[PDB]
Amino acid sequence: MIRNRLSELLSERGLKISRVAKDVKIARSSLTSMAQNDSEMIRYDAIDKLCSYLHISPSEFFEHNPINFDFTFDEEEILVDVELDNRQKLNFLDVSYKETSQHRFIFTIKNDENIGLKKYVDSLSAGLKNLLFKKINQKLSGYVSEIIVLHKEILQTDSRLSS
Amino acid sequence: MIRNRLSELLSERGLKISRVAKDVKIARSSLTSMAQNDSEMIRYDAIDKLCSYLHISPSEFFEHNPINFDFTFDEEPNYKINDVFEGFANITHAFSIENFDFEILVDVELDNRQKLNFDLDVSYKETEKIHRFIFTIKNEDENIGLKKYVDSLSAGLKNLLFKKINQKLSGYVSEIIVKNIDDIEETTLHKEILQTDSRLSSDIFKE
Amino acid sequence: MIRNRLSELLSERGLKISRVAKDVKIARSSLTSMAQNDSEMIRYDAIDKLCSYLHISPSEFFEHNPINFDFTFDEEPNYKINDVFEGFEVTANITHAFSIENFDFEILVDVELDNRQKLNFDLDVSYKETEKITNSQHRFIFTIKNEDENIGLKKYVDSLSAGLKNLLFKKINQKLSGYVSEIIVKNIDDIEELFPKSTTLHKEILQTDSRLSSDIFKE
Amino acid sequence: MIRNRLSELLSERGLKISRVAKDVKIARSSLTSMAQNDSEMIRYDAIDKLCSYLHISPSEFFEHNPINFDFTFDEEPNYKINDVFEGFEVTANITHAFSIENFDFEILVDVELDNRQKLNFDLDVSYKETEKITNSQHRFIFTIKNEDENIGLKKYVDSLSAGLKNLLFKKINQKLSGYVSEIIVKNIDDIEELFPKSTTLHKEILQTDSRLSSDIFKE
Amino acid sequence: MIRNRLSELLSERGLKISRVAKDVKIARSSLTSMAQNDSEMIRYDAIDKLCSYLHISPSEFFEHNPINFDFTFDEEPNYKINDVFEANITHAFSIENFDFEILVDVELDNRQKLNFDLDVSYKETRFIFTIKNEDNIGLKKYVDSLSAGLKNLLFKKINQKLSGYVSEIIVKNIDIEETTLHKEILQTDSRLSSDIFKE
Amino acid sequence: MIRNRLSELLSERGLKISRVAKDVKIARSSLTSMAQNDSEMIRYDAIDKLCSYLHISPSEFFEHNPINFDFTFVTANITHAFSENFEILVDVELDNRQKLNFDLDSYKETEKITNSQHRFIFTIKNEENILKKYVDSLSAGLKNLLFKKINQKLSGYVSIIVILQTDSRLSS
Amino acid sequence: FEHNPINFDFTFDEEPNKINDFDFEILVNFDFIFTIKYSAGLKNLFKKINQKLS
Amino acid sequence: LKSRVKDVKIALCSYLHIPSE
């Protein structure tokens, strides 16, 4: 669980993406992608150029939490595996379709044994939780569209969870 | 100036590339390079995995100093190459250089926007055999300000800077040399020139 | 900023363009271009002849202010274009061919002083209305949407003289004209008139020019 | 006469051509051409950048003198050329290909002062010998015949400064070399060597440059 | 400014082009053309025969004055022509406004050269033009100095050149055949009427 | 008999043909031809520009005399090419209409000062010493012009032979 | 056979060295005849390592 | 324990503490 903090810092200091790109000589698209926790790799040069410009040590740019989450699906259930440190691996479910520019199916988990999992999710900070929420949805949405298969409308459609 | 400070941590811990490779499912080949500070891009999954396995925080997996050094090489160098047919593996048998002088422009940007500027001049000295071309700066008294800035850095950053500048110097010399030398069939002469490297020795960059 | 004070000198001394063009042996077209500041490169011989004929040292021929403004426009703007079918073919009129709903983009200005320090101001521009200068030509009129936070730019601009401010005002408008026209031409294709010397919509929209009225930038 | 004083300023301030080119974002070739006076047309942006970077007004960037010299070469000279045979092919030594017996031409100099009145001085030049200063490149030497009846021209030239005098000398020699090389190449055809990178006689003679050495036109 | 004085001499003597053409054996057309000061070249042979026949010195034959007038016409004129679709030139084309600048460069006996500038505007219809600024009085003071004959020659030169600039512009801008319109305008002339060049 | 005194004026004032041509904007060849009394027709513009430049009235430019004269008729070496042995009817029409008539009648010898120029000396047989008094009164320039004209015309007639470069001399 | 409450994980290096016309790292958490607490029936796992080297 | 019994690393005796059955 790791995330950038560029989005916030930029909001706090009042600077807009446009100036940041011109001053640090980095393409707008890459800088925009790096601020939403989308890119998978962060070029070292980018970290040094930004840290120098925003006058911040790399302590602020990166936010880390040792707790990790593992998700597993079959080819036929969201098998989350809270994996805290000390190799204290744990296991936690069943979700079923409930109801249906933005088409969104609201699948809903329906199961008094999630009390430990809910406590674990509550501990994560706002940004990491938002990353976790985006990650769980992205994974399921990728898998769900496979069942439906010109314009590939299903690809644009995503899934949703609630609990 | 940013480095990854992986090797240091691993040594004090007492582990080895081999163990970590499996303990955290990271290709042995990649985990090797990322330890020599010589990989352009680092992924996030690596950061979290390594930070957790060694119970550390990102703050100590990175070292950052505001000063940045940029190196622009000369476009018109004064060089004489004397094709020697006798002898050709030796390199000295294939070609020797009477002279080779070019100008290095170094720009040092401090924390404050202030952009101090320094100028350097380099000259061919001799050919040692570890072969390795050796180049030495001419003026180190009119340009001592650069030396003060280089020493203010830590050991790792200085080592990285030295690795970078030496590689860049090797690039200009090897590329310029390959253009005015006739290739001879054997590991051809051109291939031997490419593998060759050059080192700059001075008080300003002692290590 | 630098300019050729040829026009002011010619106006003051009372000479006309033809008399000078014939006497110093420089071609009229080139001389009348150098009267304005459209020309990019000037020849040494022209400077020598014009300085000798008018009894002036090169100090009075050039006026230089150390300040230097830079202009860069937003790469990804917001534009809304509605196709209008009101019989453009019969009469070549801008309003008939199309209408503009909303046009928003960012203009970043980077005032650089004589000192090595560099300031930074931002400007937001919006479309207001199209106007009729001649019954054959029109000029779109935009307006800056933030003047309470950019009083500095007004303070620095007013430090210039009349000619250099005229030169700057021409530069910003000319750059705005090309950028706005390029977006419209890329978005909408061309239509030719029914009765032809025939002029298409692309050429007509390329010839037209924009303007950026604002309390800060005038004259 | 007018010249750009970039070289003297760069020498005085201690800066070097490489540093200036990187700082003002101008290609080194153009800047080193502008260091001399070979360039004919210069850009406004170059003037602004170089004046801003060096903290100088344009009054110091240009030096101007109202005087103006115009040289018109004769259209009918007397050329005496012998096609000496000495195996030029073995070694490209110009003197082997040919020798000059007697080359005489008339140079008409008009000196236009700041006042509308103008004077007129006439000069006669003759061939003498070949300097052979460099084994690869030889320079022809010509001397002004009448110096006693043209003393007035010397008085006027000495009123100019060092740089403008240098510029004047560069012009008379460059034009004299073009007039001579053109005449010589018109008289004799070309011969090429078998063993090269091969250079013909035409190309070698065009490369060869002359020089007019006399007290009036010193330095 | 140089003119031949043959026409004045023949009238005072009492002869006529017809008589001389036979006495000096010179073609009648050539002799009568050389009599109107409008031939570009005079042959050496002609001077000796005529000088001997009239018992006159060459100095009497030629009249010379140092002042030289050079006229340069504008290259960008304000021409506005109203086309009429109903030969009489007044029916083909009618001129609204035709304004251009004439630059005059009087060269005195001394090397010093004075400069005067004149503006010319269309008045009515021989397309008669007139000069806007007559005060530019320095040019007039000099025209008066020229003798009676030389002044007439200068007036003829300006009138012919004016026709050149005008006719060309009009014919090169307006289209017709019924001696067509084009063959009429080129023949049409023009005259600059004002006190400065009064004849 | 009419000639222009440009050459004498240029020699007297010290000016050279090169400078005069540039100042008066007249081609060098035309001015050179005019300065040696060769061209047949001349322009008014040249007369005015030259007179103003030299500050001279046309009186000095032209020299005229009413007396007129009328005439009526193995190797590349010219001498070896051909190989044994005409009368000239001259008049002296005076200004008073007192026309007079003179008769002069063969090849005497050939003299070539140089290989480049061959001259045939057609000395006159002296068939009227009164003609000679008339030629004497003339000035130097007009007499030289008369010599040049008669030599040119008679040489042209003799080059009968058809070689062209060679010129015939009628001397006495 | 005998239920074993212990299983072993062995992994050699992927880059061994020596030839003429051999030191490697075995991963088990602990770390020509090549030399260097957990019934003798099963112990005879030893058999698997034998085939591993050759 | 069902897909859930992954921990076996197979697309038991020491895993569920059961030759036994």
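Criteria and cut-off values
Residues numbered from 1 in each chain as written, not as in the entry; some residues may be left out. Chains lettered and ligands numbered in written order. Heavy atoms only, no water. Residues with missing side-chain atoms left out of burial classes, pairs and counts. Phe/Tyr/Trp six-rings, centres within 6.5 Å; stacked < 30°, edge-to-face > 60°. Helix = DSSP H or I, 4+ residues; strand = E, 2+ residues; numbered from the N terminus. Buried < 20%, exposed > 50% of the residue type's maximum accessible area, 1.4 Å probe, protein only. Pairing = 2+ DSSP bridges. Axes fitted to C-alpha atoms, helices over the stretch in contact; angles between N-to-C directions. Domains from an automatic or database assignment. Contact = heavy atoms within 4.5 Å. Nonpolar A, V, L, I, M, F, W, Y, C, P; charged D, E, K, R; others polar. Expected span 1.5 Å × (residues − 1).

### Some details on the packing of aromatic side chains
Counted according to the given criterion, the structure contains 67 aromatic pairs over all chains. The interplanar angle of 85° and the centroid separation of 6.1 Å between the aromatic rings of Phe62(C) and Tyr44(D) together place this pair among those described as edge-to-face. Of this pair, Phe62(C) sits in strand β3 (residues 62-64) while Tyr44(D) is found in helix α4 (residues 44-54), placing the two residues in two different chains. According to the relative accessible area criterion, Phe62(C) is buried, its value standing at 3%. One aromatic cluster is present, formed by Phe73(B), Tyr79(B), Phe100(B), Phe102(B), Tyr124(B), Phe135(B) and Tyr172(B) through successive ring pairs.

### With respect to the sheet that holds strand β6 (residues 101-104) of chain F
Residues and elements named next belong to chain F. Pairing is antiparallel across the open sheet formed by 3 strands, whose spatial order is β4-β5-β6. If you trace the sheet from one side to the other, it starts and ends with β4 (70-72) and β6, each paired once. Averaged over all pairs of adjacent strands, the angle between strand axes in this sheet comes to 20°, irrespective of strand direction. Here strand β5 (residues 88-91) runs beside β6; their pairing, made up of 4 bridges, is antiparallel. Paired with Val 90 across the two strands is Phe 102, which belongs to β6.

### Quick look at the domain arrangement of chain A
Residues and elements named next belong to chain A. One can read the domain layout of chain A as domain 1 (2-64) and domain 2 (83-160). Look at where the C-alpha atoms of domain 1 and domain 2 centre, and you get two points 28 Å apart. Each partner contributes residues to the interface: domain 1 has 6 residues there, and domain 2 has 5 residues. Its residues placed into classes, the side of domain 1 that touches domain 2 shows 1 nonpolar, 2 polar and 3 charged.

### A few points about helix α8 (residues 140-158) of chain F
Residue and element names in this part refer to chain F. The end-to-end C-alpha distance of α8 is 27 Å, a good match for the 27 Å that 19 residues give at a rise of 1.5 Å each. Within the span of α8, buried status applies to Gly 141, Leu 142, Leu 145, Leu 146, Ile 150, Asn 151, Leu 154, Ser 155 and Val 158. Turning to α8, the residues buried within the fold contact β1 (2-4), β3 (62-64), β4, β8 (119-121) and β9 (167-169).

### Looking at the sheet that holds β8(F)
Residues and elements named next belong to chain F. Across the sheet, 3 strands lie side by side as β7-β8-β9; this open sheet has mixed pairing. The open sheet has two free edges, formed respectively by β7 (109-111) and β9, since each of these has just one partner strand. On average, each strand axis in the sheet is tilted by 30° relative to the strand beside it, whichever way the strands run. Inspection of the sheet shows β7 paired to β8 by 3 bridges, in the antiparallel sense. Considered in β8, the bridge of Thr 110 is made with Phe 120. In the packing of α8 onto the sheet, contacts are made with β8 and β9, and the angle to β9 comes to roughly 120°.

### Comments concerning unusual backbone geometry
The phi dihedral of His151(A) is positive, around 75°, even though this residue is not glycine. Topologically, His151(A) is positioned in the loop between α7 (126-148) and α8 (153-156). Residue classification places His151(A) among the exposed positions, given a relative accessible area of 60%. Unlike most non-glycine residues, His55(E) shows phi in positive territory, near 50°. Take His55(E): it is sitting in the loop between α4 (44-53) and α5 (58-61).

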